[PDB]
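Chemist: pasting the first bit of my complex, frame unchanged:
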Amino acid sequence: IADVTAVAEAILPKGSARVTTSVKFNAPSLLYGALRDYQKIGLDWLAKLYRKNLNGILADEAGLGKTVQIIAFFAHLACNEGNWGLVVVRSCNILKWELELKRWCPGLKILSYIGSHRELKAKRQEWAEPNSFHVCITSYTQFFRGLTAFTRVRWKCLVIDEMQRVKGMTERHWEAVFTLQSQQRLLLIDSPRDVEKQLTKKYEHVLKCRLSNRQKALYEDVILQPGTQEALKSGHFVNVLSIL
């Protein structure tokens, strides 16, 4: 089974390959925003990994835009490979996940796993019906509640995110995930500065503001307050903090 990891690493976007290529990608009709050259390379690696029937971990550093990488991989898969339709989420980030799906790839049907018991049963019924949705987004709480009920529908791909910060995750849940019928699986890890030459510039400034005469008068009044001199020298933390 280690051969899968070996092949994935062979194609993994290492630092040199993470930027050093010019794959003349065309935008799948679903995708709209322009990725980076390095995010484009991650897209190519994901497409090859799925094409070769492999499961891999996203070794990119934290904070580089994994959401858009998965979204672009979904777009390329759906367009080139034609698998026109799962994501596991923890909390509010369910809203962020679907929002970014709609944002970069507005052409995909989205199914949300939020609702009442009656609404959740209706969602299940629609979820088993043909051509009902393309991407299903669910909460980890729902997955644990429906650990076995999720076994009924077969999936082209599955994504796991935020699990590392989710309470109650257990090896049995990983076994269930493997049991889930996703022909390919993807795992997102924040700990598998990076790729900064094309990230946002983040220009930061601090400018010096000379105190007004009124401010200086009040400042020296508060300093010269004999109580404040006594507190300053004594070092009593509460008093000096009040002065500060």
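Modeler: Okay, I see it. Numbering: from 1, shown residues only, chains lettered A, B, ... in the order given.
Chemist: And the helix ranked longest in chain A, what does it pack against?
Modeler: Taking DSSP state H as the criterion, chain A has its longest helix at helix A:37-51. Secondary-structure packing of helix A:37-51 (3 or more CB pairs under 8 Å, 6 or more residues apart in numbering; DSSP states H and E): helix A:2-11, helix A:15-19, strand A:56-58, helix A:66-76, strand A:181-188. All C-beta atoms are positioned from the backbone trio N, CA, C, and that covers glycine.
Chemist: most tightly surrounded among those?
Modeler: helix A:66-76 (a mean of 23; mean count of other CB atoms under 10 Å).
Chemist: And the strands in chain A?
Modeler: A:56-58, A:87-89, A:110-112, A:135-139, A:154-160, A:181-188 (DSSP state E).
Chemist: Tabulate those strands (TSV), appending distance to residue A:240.
Modeler: Formatted as TSV, the strands of chain A follow (distance: least, CB to CB, whole Å):
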stretch	distance to residue A:240
strand A:56-58	48
strand A:87-89	47
strand A:110-112	53
strand A:135-139	48
strand A:154-160	50
strand A:181-188	46
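Chemist: and residue A:43, which of those strands is closest to it?
Modeler: strand A:56-58 (11.5 Å; CB to CB).
Chemist: Can you give me the first-to-last residue distance of stretch A:233-244?
Modeler: Length of stretch A:233-244, first residue to last, CA to CA, to the nearest Å: 14 Å.
Chemist: Show residues contacting it.
Modeler: A:222, A:228, A:231, A:232 (CB atoms under 8 Å, 6 or more residues apart in numbering).
Chemist: want to try JSON lines for those residues, with neighbour count and distance to residue A:156 as columns?
Modeler: Shown next, in JSON lines, are these (neighbours: other CB atoms under 10 Å; distance: CB to CB, whole Å):
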{"residue": "A:222", "neighbour count": "11", "distance to residue A:156": "67"}
{"residue": "A:228", "neighbour count": "16", "distance to residue A:156": "69"}
{"residue": "A:231", "neighbour count": "18", "distance to residue A:156": "68"}
{"residue": "A:232", "neighbour count": "15", "distance to residue A:156": "68"}
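Chemist: here's chain B, add it to the model above:
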Amino acid sequence: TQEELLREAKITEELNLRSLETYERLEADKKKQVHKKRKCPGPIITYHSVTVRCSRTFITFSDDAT
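Modeler: Time to bring in chain B:
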């Protein structure tokens, strides 16, 4: 299924993009600014001065009564 795909994908386009808020959208379209809807002021008298090198004024009456 590429024809069927084009069909429901354009439908999905309409549905999803109608959810966003004129921002959040990567293709940030230009100059929406949603102007006022006017909304009634009953019968009105419009005073309109325009440049034509020269300046002209047009006074519009909404209805024949006024």
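Chemist: hmm, back to that, restrict the longest helix of chain A to CA atoms and write it as CSV.
Modeler: This file holds the C-alpha atoms of helix A:37-51, laid out as CSV (Å, rounded to 0.1, in the frame of the first residue of the first chain):
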residue,chain,number,x,y,z
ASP,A,37,1.3,29.1,-10.5
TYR,A,38,2.0,27.2,-7.2
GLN,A,39,-1.7,26.6,-6.6
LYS,A,40,-2.1,25.6,-10.3
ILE,A,41,0.7,23.1,-9.7
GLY,A,42,-1.1,21.8,-6.7
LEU,A,43,-4.2,21.5,-8.9
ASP,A,44,-2.2,19.5,-11.5
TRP,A,45,-0.8,17.2,-8.7
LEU,A,46,-4.3,16.6,-7.4
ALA,A,47,-5.7,15.9,-10.8
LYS,A,48,-2.9,13.4,-11.5
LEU,A,49,-3.4,11.8,-8.0
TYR,A,50,-7.1,11.2,-8.7
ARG,A,51,-6.3,10.1,-12.2
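Chemist: Counting neighbours, show which residues of that helix come out buried.
Modeler: If you call a residue buried by 16 or more other CB atoms under 10 Å in any protein chain shown, then helix A:37-51 has these buried ones: A:37-47, A:49-50.
Chemist: for those residues, which one is nearest chain B?
Modeler: residue A:39 (13.5 Å; CB to the nearest CB).
Chemist: Identify the residues contacting the closest one.
Modeler: A:64, A:65, A:68, A:69, A:72 (CB atoms under 8 Å, 6 or more residues apart in numbering or on different chains).
Chemist: wait, which of the buried residues of helix A:37-51 is closest to residue A:171?
Modeler: Closest to residue A:171, out of all of the buried residues of helix A:37-51 and judged by CB to CB, is residue A:49, at 24.0 Å.
Chemist: Would you mind measuring from that closest one to residue A:30?
Modeler: 19 Å (CB to CB, to the nearest Å).
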